[PDB]
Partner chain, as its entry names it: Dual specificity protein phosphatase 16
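Let's start with one chain on its own, the form deposited without the partner chain, as structure tokens.
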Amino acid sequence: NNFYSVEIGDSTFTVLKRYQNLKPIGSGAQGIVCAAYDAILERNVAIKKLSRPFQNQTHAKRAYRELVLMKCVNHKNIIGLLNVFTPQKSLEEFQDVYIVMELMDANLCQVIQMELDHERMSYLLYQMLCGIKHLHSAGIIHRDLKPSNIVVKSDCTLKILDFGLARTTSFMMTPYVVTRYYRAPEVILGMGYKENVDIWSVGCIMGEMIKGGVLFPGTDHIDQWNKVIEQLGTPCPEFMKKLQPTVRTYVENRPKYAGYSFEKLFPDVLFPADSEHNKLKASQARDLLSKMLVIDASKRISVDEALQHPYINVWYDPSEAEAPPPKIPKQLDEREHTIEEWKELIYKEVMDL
């Protein structure tokens, strides 16, 4: 009726007539989405087709949370929901959901390819830190931040696609993707997490921008773990006492590394060179890299203190940082229910807007 279906993008896509010229922009990140032009609002918009959201229990939990969270999150550095629609008119035959949001030119991974400058790099990192603070403002910790979860436009405006792994494993189900490269020590040691875990992830991304490759490439679960202490250093005794016994020895049992200093791990040579100012802000980069790339969680730099760091404080505007916190309605965002009950609630979620 008011919907038309397109067969390109390797699947039948049924959209409102407002969106036309559907062009596939899908990739390795969770889900396959395409690009289209929304005539009514005169803006190009990316649309995602969620296949079988209630197919299984874990599918619904990830589809349900992101749907309620992106609906009620209002931030420049977090992607937002413009319109939500489903072609089916029946809950009984309800099958698929489509998500539309502001289209962006590329992901962080692509921008990492092009080596950048201090002024642009600081702005990219600054935006990520304000997004985390807004999420931590509502009590949300992502624990899955990665260069493929982060999208940017050509004016270097940064947005975050995923809302995290929620509450919890390095062997997740089909909707999730493990992506262990940018994970913290606590995520791999099962010791527990607080809000400073995300600081670790941006540290690996910032180092990846400078170095040009993944800082800690691990073949398996703990090859990453060996990679971390190989360069940063062996954790000092106070940290090793508090881990649970079964892996506490294993941390102690493996070969000890003194570790490399950040000075030669991140040398000034690749940084911008003939400048002093870039060389000085290279000193501003390494000092903060020191404060976030510490395996000990409790004395890690926080995002609030990271946001007021001289490297990042230059862009400090309270609009992005000291924003009003988001409230989530889903009070039981801590629970699971029936597959059929899962299907009905997301159906009610999509249909009231």
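Positions refer to the first chain, counted from 1. Basically, rigid core = biggest C-alpha set you can superpose within 1.5 Å across the two forms.
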In a third or more of the other compared PDB entries with flanking residues modelled, does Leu22 go missing? no
Would you say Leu332 is missing from a third or more of the other compared entries? yes
Check the entry and tell me how many residues of the deposited sequence have no coordinates between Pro329 and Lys330: none, 1 to 3, 4 to 9, or 10 or more. 1 to 3
I'd like the number of residues from the deposited sequence that lie between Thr168 and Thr169 yet are not in the model, binned as none, 1 to 3, 4 to 9, or 10 or more. 1 to 3
Comparing 127-135 with 274-282, the higher average Cα temperature factor in the PDB entry belongs to 274-282
The stretch carrying the higher mean Cα B factor in the deposited entry, 224-232 or 153-161, is 224-232
Per the entry, which of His142, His75, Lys89, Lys71 tops the list for Cα B factor? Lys89
Record-listed C-alpha B factor of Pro325: chain third: lowest
Third of the chain, ranked by Cα B-factor, where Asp198 sits: lowest
What third of its chain, lowest, middle or highest, does the C-alpha temperature factor of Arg65 fall into? lowest
Among the modelled residues of its chain, the C-alpha B-factor of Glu115 falls in the third labelled middle
Where the record places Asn107 (Cα B-factor, split into thirds across the chain): lowest
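Unshown form deposited with the partner chain bound; subsequent notes refer to it.
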Counting heavy atoms only and using a 4.5 Å cut-off, do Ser5, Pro24 and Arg52 all touch the partner chain in the bound PDB entry? no
Residues in which of 89-97, 186-194, 132-140, 230-238 have heavy atoms within 4.5 Å of the partner chain in the bound PDB entry? 186-194
In the bound PDB entry, is there a heavy atom of the partner chain that lies within 4.5 Å of any heavy atom of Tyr260, even though the partner is absent here? no
Would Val247 show up as a contact with the partner chain in the bound PDB entry if we use heavy atoms at 4.5 Å? yes
Report yes if any heavy atom of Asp220 sits within 4.5 Å of a heavy atom of the partner chain in the bound PDB entry; otherwise report no. yes
Determine whether any heavy atom of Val84 comes within 4.5 Å of a heavy atom of the partner chain in the bound PDB entry, and answer yes or no. no
Of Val251, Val73, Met101, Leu265, the one that lies within 4.5 Å of the partner chain in the bound PDB entry (heavy atoms): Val251
Once you align the rigid core, which of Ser275, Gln110, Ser283, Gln88 turns out to move its Cα at least 2 Å between the shown form and the other one? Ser275
